[PDB]
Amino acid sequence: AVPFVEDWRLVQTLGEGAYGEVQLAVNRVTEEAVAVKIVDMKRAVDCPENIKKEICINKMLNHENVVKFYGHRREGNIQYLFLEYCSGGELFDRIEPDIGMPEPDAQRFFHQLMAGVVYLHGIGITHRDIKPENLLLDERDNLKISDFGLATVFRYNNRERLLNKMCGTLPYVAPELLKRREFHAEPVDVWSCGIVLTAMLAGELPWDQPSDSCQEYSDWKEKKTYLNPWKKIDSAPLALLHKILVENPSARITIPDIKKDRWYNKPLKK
């Protein structure tokens, strides 16, 4: 019944977005540390209903590789979302530009990413904006899928919904999102995970946009893998990427089969 600021000390700005801010908050009596996403519902006409949907999706989630939702408050136009504080920051900041990261680290992050995406898809949720900026790390560098503001239900009461809305981030979106009027949700998340893995192993994104207009994408379809970023990627993970970054979503590898992939299961040393 008392104000947010009387219970919570904002200690640190963690991130700044167009529609909200994320603060590290410390409870003034408990001293427990929390991430609070502060959202001014004045900044968009349908933000009230968009943030309500984000909260309803968050309340369905409970997995070690998904940022945990603790609750929410409203104070006038302000919505507070309390989330698991991820001390380790963004996966994005572990990706050295043009370099990437050690293959064992990339593999480990990929394992954890798959675990979270499998969980989400199992409860019928698609994230729709998977990228290193939305994959956070806890104090033990465990990966946690973050930000469900673009997430939606693709399976409900055992019936699948095809998607028809364009959203996400252009270097990470699957080509069917640019070309088809309707598309299945799961292969889109699979595709973006493959871009994430490409970024982890090479430190760069392969194309602006998986368009016929984009030469980098056409060179990939012609498997000119002597070019960058592919030449930086060992043939074993590259064989997996060849199975993920497949244009036709009906032929694209599914996660159950990613789990059977040689590199996925290859023991790696430092």
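When you see a residue number, it is the position in the sequence shown, counting from 1.
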query: Higher-scoring stretch by recorded Cα B factor average, 193-201 or 69-77; finding: 69-77
query: 252-260 or 5-13, whichever carries the higher mean Cα B-factor; finding: 5-13
query: Criterion, highest CA B-factor; candidates, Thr225, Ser218, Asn58, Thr30; finding: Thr30
query: Residue with maximal Cα B-factor (values as given in the PDB entry) among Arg43, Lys243, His63, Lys232; finding: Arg43
query: Third of chain Cα B-factors occupied by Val36; finding: middle
query: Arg181 CA temperature factor, ranked by third within the chain; finding: highest
query: For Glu139, the third of its chain into which the C-alpha B factor falls; finding: highest
query: Third of chain Cα B-factors occupied by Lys165; finding: highest
query: Where the record places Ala239 (Cα B-factor, split into thirds across the chain); finding: lowest
